[PDB]
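Trainee: Protein chains in written order, with the numbering used here: chain S, 308 to 400; chain A, 308 to 400; chain Y, 308 to 400; chain F, 308 to 400. Just so it is clear, CB atoms sit at the ideal spot from N, CA and C, and this is done for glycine as well. Please see the structure below; I have some questions.
There are 4 protein chains.
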Amino acid sequence: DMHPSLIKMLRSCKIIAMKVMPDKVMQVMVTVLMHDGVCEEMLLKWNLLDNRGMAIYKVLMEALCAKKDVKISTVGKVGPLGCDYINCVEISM
Amino acid sequence: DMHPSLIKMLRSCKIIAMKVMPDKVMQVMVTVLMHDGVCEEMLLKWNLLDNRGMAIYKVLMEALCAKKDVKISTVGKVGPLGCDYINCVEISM
Amino acid sequence: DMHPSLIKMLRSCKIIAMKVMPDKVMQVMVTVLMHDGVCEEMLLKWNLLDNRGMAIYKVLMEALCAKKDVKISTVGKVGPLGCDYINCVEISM
Amino acid sequence: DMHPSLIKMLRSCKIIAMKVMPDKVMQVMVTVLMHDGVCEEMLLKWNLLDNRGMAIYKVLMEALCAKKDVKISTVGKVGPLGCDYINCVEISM
Numbered sequence: 308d309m310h311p312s313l314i315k316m317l318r319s320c321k322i323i324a325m326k327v328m329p330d331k332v333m334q335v336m337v338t339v340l341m342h343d344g345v346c347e348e349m350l351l352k353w354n355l356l357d358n359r360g361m362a363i364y365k366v367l368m369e370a371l372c373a374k375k376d377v378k379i380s381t382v383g384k385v386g387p388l389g390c391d392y393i394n395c396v397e398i399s400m
Numbered sequence: 308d309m310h311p312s313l314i315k316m317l318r319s320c321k322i323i324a325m326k327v328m329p330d331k332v333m334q335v336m337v338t339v340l341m342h343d344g345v346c347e348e349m350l351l352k353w354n355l356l357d358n359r360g361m362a363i364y365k366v367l368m369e370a371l372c373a374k375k376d377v378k379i380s381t382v383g384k385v386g387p388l389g390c391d392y393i394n395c396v397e398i399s400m
Numbered sequence: 308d309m310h311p312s313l314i315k316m317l318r319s320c321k322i323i324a325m326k327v328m329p330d331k332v333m334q335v336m337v338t339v340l341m342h343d344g345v346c347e348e349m350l351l352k353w354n355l356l357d358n359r360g361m362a363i364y365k366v367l368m369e370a371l372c373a374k375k376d377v378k379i380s381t382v383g384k385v386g387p388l389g390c391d392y393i394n395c396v397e398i399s400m
Numbered sequence: 308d309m310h311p312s313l314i315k316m317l318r319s320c321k322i323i324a325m326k327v328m329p330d331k332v333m334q335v336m337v338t339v340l341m342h343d344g345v346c347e348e349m350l351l352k353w354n355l356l357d358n359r360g361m362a363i364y365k366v367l368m369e370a371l372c373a374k375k376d377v378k379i380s381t382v383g384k385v386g387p388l389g390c391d392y393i394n395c396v397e398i399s400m
């Protein structure tokens with residue numbers, strides 16, 4: 308039982324770029340920098356046309372614009388476009 | 308009749324974490340710190356797939372990223388996942 | 308023909324509170340402070356369930372959280388809940 | 308192969324105004340200032356009622372409120388309202 312104000316699969320990272328391209332197969336590509344120095348290009352598990360994709364898209368965007376560390380998890384397989392898929396994001400004050 | 312610029316169920320709190328997990332039963336879990344020191348885990352009254360859930364999700368997120376105090380009210384019962392449900396948020400400049 | 312970086316119905320104002328209450332008849336009530344000192348409570352022209360209401364809801368929220376002056380116009384009649392309805396918002400860098 | 312934290316059709320610009328007007332033919336007009344000093348008024352490729360239009364609308368808005376440079380591409384033709392249409396936005400931390 309920790310301090311009320313202290314928080315506490317999920318890797319810590321920074322969201323360093325997002326390219327929104329709803330004309331194309333990727334739809335939106337997220338560039339992520341992990342805490343151990345590796346940089347990875349990733350997609351969202353859901354279509355942007357689905358509200359679940361919109362919700363994941365928004366927390367990632369806010370994390371980039373606030374310059375925040377976040378934690379993410381992915382489905383765990385590279386797809387036919389060459390990227391893993393983000394399916395969970397955690398953000399804290 | 309108060310100063311034009313002065314504002315004025317609803318408890319004052321801070322939104323200290325949000326975990327967006329649209330694969331799972333909770334969908335999104337909000338960690339809230341009340342002004343009297345108690346910390347509580349909460350859900351939204353509406354599905355994320357519904358625009359009302361999206362609207363509550365956005366004001367909470369903005370409150371976390373701006374480091375703002377807000378006021379919330381809940382439906383008033385713990386559900387089968389162990390959490391109350393947020394149904395109203397008020398935010399001020 | 309003005310400087311490329313210089314911008315330029317619409318009244319200038321600040322968005323000083325927003326109360327998101329999708330359980331109730333108002334859905335979301337916006338408290339607005341006009342530049343001449345009068346303060347007014349206002350609704351949105353569109354349902355929150357409609358994407359046009361969502362779009363107006365988002366620019367207002369961003370204006371509150373960034374502490375920005377904006378310009379708004381309304382439909383021009385008080386409705387049966389006692390408020391006018393915002394139908395246009397302009398925001399500038 | 309560049310530094311992990313270093314990023315890298317698309318023109319660099321600032322988003323200096325947005326006018327959200329879902330009553331009218333334009334729906335939302337974006338004023339953009341390119342790096343070479345020319346200023347241009349632009350629309351979105353998608354309807355605001357479509358989630359793809361909402362996604363492009365949000366990254367533009369965040370870019371304005373964070374005072375960020377971004378890159379955009381357009382469809383490449385002036386339409387019957389006198390404007391080109393934005394179809395891709397890239398934003399970086």
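Would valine 345 of chain F be called buried (16 or more neighbouring beta carbons within 10 Å of its own) or exposed?
Mentor: The residue labelled residue 345 of chain F in the question sits at position 38 within the fourth sequence. Counting Cβ neighbours within 10 Å, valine 345 of chain F comes out exposed, since fewer than 16 surround it.
Trainee: Assign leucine 388 of chain F to buried or exposed, taking buried as 16 or more other Cβ atoms, counted over all protein chains shown, within 10 Å of its Cβ.
Mentor: Here residue 388 of chain F refers to the residue found at position 81 when the fourth sequence is read from its first residue. Under this definition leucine 388 of chain F is an exposed residue.
Trainee: Let me know the secondary structure DSSP gives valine 335 of chain Y once reduced to three states.
Mentor: As a working note, residue 335 of chain Y is residue 28 in the third sequence. Residue state for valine 335 of chain Y is assigned as strand, using DSSP reduced to three classes.
Trainee: Could you work out which residues of chain S lie near residue 427 of chain F, taking near to mean beta carbons separated by less than 9 Å?
Mentor: Only positions 308 to 400 of chain F appear in this structure, which leaves residue 427 of chain F out of reach.
Trainee: In chain order, what residues of the same chain have a beta carbon less than 7 Å from the beta carbon of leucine 367 of chain Y, not counting five sequence neighbours either side?
Mentor: Counted from its first residue, the third sequence places residue 367 of chain Y at position 60. Within the same chain, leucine 367 of chain Y has close Cβ partners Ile322, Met325, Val337 and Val396.
Trainee: Can you tell me whether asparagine 354 of chain Y is buried or exposed, with buried defined as 16 or more other CB within 10 angstroms of its CB?
Mentor: Here residue 354 of chain Y is taken as the residue at index 47 of the third sequence, counted from 1. With fewer than 16 Cβ atoms within 10 Å of its Cβ, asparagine 354 of chain Y is classed as exposed.
Trainee: Grab the span of the alpha helix (DSSP H) containing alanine 373 of chain A for me, first residue to last.
Mentor: Taking the second sequence and counting its residues from 1, the one referred to as residue 373 of chain A is at position 66. Where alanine 373 of chain A is concerned, there is no enclosing alpha helix (DSSP H), given that its DSSP letter is neither H nor E.
Trainee: Would the beta-carbon of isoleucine 379 of chain F fall within 8 Å of that of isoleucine 398 of chain F?
Mentor: Counting from one through the fourth sequence, the residue named residue 379 of chain F turns up at place 72. Counting from one through the fourth sequence, the residue named residue 398 of chain F turns up at place 91. Not closer than 8 Å, so no.
Trainee: Cutting at 7 Å between CB atoms, please list the residues of its own chain near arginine 359 of chain A, excluding the five before and the five after it.
Mentor: Here residue 359 of chain A refers to the residue found at position 52 when the second sequence is read from its first residue. Here the set comprises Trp353.
Trainee: Going by DSSP, what residue range makes up the beta strand (DSSP E) through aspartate 391 of chain S?
Mentor: For this step, residue 391 of chain S is matched to residue 84 along the first sequence. Its beta strand (DSSP E) spans residues 391-399.
Trainee: Rounded to whole angstroms, what is the Cα-Cα separation between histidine 342 of chain Y and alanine 373 of chain Y?
Mentor: Position 35 of the third sequence, counted from the first residue, corresponds to residue 342 of chain Y. Position 66 of the third sequence, counted from the first residue, corresponds to residue 373 of chain Y. Between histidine 342 of chain Y and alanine 373 of chain Y, the C-alpha separation is close to 17 Å.
Trainee: With 8 Å as the threshold, decide whether the Cβ of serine 319 of chain F is near any Cβ in chain S.
Mentor: The residue you call residue 319 of chain F lines up with position 12 of the fourth sequence. Not closer than 8 Å to any Cβ of chain S, the Cβ of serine 319 of chain F fails to qualify, so no.
Trainee: Among the residues of its own chain, which have a CB less than 8 Å from the CB of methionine 309 of chain Y, if the five just before and after it don't count?
Mentor: Taking the third sequence and counting its residues from 1, one reaches residue 309 of chain Y at position 2. Within the same chain, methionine 309 of chain Y has close Cβ partners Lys315.
Trainee: First and last residue of the beta strand (DSSP E) that includes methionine 328 of chain A?
Mentor: Taking the second sequence and counting its residues from 1, one reaches residue 328 of chain A at position 21. That run of the beta strand (DSSP E) goes 318-328.
Trainee: Less than 7 Å between the CB of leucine 388 of chain F and some heavy atom of the ligand HEM, yes or no?
Mentor: The ligand content of the structure shown is nil, which means the ligand HEM is not present either.
Trainee: So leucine 351 of chain F is in the beta strand (DSSP E); what residue range does that whole segment cover?
Mentor: Along the fourth sequence, read from residue 1 onward, the residue named residue 351 of chain F stands at position 44. Its beta strand (DSSP E) spans residues 346-351.
Trainee: When you compare the CB positions of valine 335 of chain Y and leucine 351 of chain Y, do they come within less than 8 Å of one another, or not?
Mentor: Numbered from 1 along the third sequence, position 28 holds the residue referred to as residue 335 of chain Y. Numbered from 1 along the third sequence, position 44 holds the residue referred to as residue 351 of chain Y. Yes, the pair counts as a contact, with Cβ atoms nearer than the cut-off.
Trainee: Here's the rule: buried if 16 or more other CB atoms are within 10 angstroms of the residue's CB, otherwise exposed. What is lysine 384 of chain F?
Mentor: The residue given as residue 384 of chain F occupies position 77 in the fourth sequence. Exposed is the label assigned to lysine 384 of chain F, since fewer than 16 other Cβ atoms lie within 10 Å of its Cβ.
Trainee: Out of S:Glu348, S:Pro329 and S:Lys375, which has the shortest C-alpha to C-alpha gap to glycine 386 of chain S?
Mentor: Here residue 386 of chain S refers to the residue found at position 79 when the first sequence is read from its first residue. For the residues S:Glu348, S:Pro329 and S:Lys375, the minimum Cα distance to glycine 386 of chain S belongs to S:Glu348.
Trainee: What's the gap between the Cα of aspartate 330 of chain A and the Cα of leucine 356 of chain A?
Mentor: Here the question's residue 330 of chain A lines up with position 23 in the second sequence. Here the question's residue 356 of chain A lines up with position 49 in the second sequence. In a straight line, the C-alpha of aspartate 330 of chain A is about 12 Å away from that of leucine 356 of chain A.
Trainee: Just the C-alpha distance for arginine 318 of chain F and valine 327 of chain S, rounded to the nearest angstrom, thanks.
Mentor: As a first step, residue 318 of chain F must be located in the fourth sequence, where it is residue number 11. As a first step, residue 327 of chain S must be located in the first sequence, where it is residue number 20. Rounded to the nearest angstrom, the two C-alpha atoms are 14 Å apart.
Trainee: Can you confirm whether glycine 344 of chain Y, when its beta carbon is compared against all beta carbons of chain A, has any partner nearer than 8 Å?
Mentor: Within the third sequence, residue 344 of chain Y is the residue found at index 37, counting from 1. Judged by the 8 Å Cβ criterion, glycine 344 of chain Y is in contact with chain A.
Trainee: Is there a C-beta anywhere in chain A that falls below 8 Å from the one on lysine 365 of chain S?
Mentor: The count along the first sequence starts at 1 and reaches residue 365 of chain S at position 58. Using beta-carbon distances, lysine 365 of chain S counts as an interface residue toward chain A, with a partner under 8 Å.
Trainee: Scan the stretch 349-374 of chain F for residues whose Cβ lies nearer than 9 Å to a Cβ of chain S and list them as they occur along the chain.
Mentor: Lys352, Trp353, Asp357, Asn358, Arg359, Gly360, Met361, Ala362, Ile363, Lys365, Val366, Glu369, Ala370, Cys372 and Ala373
Trainee: Just to confirm, is the Cβ distance from residue 286 of chain A to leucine 371 of chain Y under 8 Å?
Mentor: Missing from the structure shown is residue 286 of chain A; chain A here goes from 308 to 400 and no further.
Trainee: I need the straight-line Cα distance from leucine 313 of chain S to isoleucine 363 of chain F, nearest angstrom please.
Mentor: In the first sequence, counting from the first residue as 1, residue 313 of chain S sits at position 6. In the fourth sequence, counting from the first residue as 1, residue 363 of chain F sits at position 56. Taking the straight line joining both Cα atoms gives about 35 Å.
Trainee: Anything in chain Y within Cβ reach of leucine 340 of chain F, meaning under 9 Å, just list it in chain order.
Mentor: As a working mapping, residue 340 of chain F is identified with position 33 in the fourth sequence. When 9 Å is used as the limit between beta carbons, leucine 340 of chain F is near these residues of chain Y: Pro311, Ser312 and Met400, in chain order.
Trainee: If you measure from the beta carbon of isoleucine 379 of chain S to each beta carbon in chain F, is any gap under 8 Å?
Mentor: Walking along the first sequence from the start, residue 379 of chain S turns up at place 72. No, no contact with chain F.
Trainee: Please determine, among Y:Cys320, Y:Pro311 and Y:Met316, the residue with the shortest C-alpha to C-alpha distance to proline 311 of chain A.
Mentor: On the second sequence, position 4 is the one that residue 311 of chain A refers to. Nearest C-alpha to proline 311 of chain A: Y:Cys320.
Trainee: Distance, Cα to Cα, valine 382 of chain Y vs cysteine 390 of chain Y?
Mentor: In the third sequence, counting from the first residue as 1, residue 382 of chain Y sits at position 75. In the third sequence, counting from the first residue as 1, residue 390 of chain Y sits at position 83. Distance between the alpha carbons of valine 382 of chain Y and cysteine 390 of chain Y: 11 Å.
Trainee: Taking just the CA atoms, how far does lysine 375 of chain A sit from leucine 340 of chain Y?
Mentor: Within the third sequence, residue 340 of chain Y is the residue found at index 33, counting from 1. Within the second sequence, residue 375 of chain A is the residue found at index 68, counting from 1. Rounded to the nearest angstrom, the two C-alpha atoms are 20 Å apart.
Trainee: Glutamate 369 of chain A to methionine 316 of chain F, Cα distance in whole Å?
Mentor: Taking the first residue of the second sequence as 1, we reach residue 369 of chain A at position 62. Taking the first residue of the fourth sequence as 1, we reach residue 316 of chain F at position 9. For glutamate 369 of chain A and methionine 316 of chain F, the distance between alpha carbons rounds to 32 Å.
Trainee: Might you give, ordered along the chain, the residues of its own chain that have their beta carbon closer than 7 Å to the beta carbon of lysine 365 of chain A, omitting 5 neighbours on each side?
Mentor: The count along the second sequence starts at 1 and reaches residue 365 of chain A at position 58. Closer than 7 Å at Cβ, skipping near neighbours: no residue.
Trainee: State the Cα-Cα distance for the pair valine 377 of chain F and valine 377 of chain Y, rounded to the nearest angstrom.
Mentor: Here residue 377 of chain F corresponds to residue number 70 of the fourth sequence, with the count starting at 1. Here residue 377 of chain Y corresponds to residue number 70 of the third sequence, with the count starting at 1. When the Cα atoms are used, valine 377 of chain F and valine 377 of chain Y turn out to be separated by approximately 22 Å.
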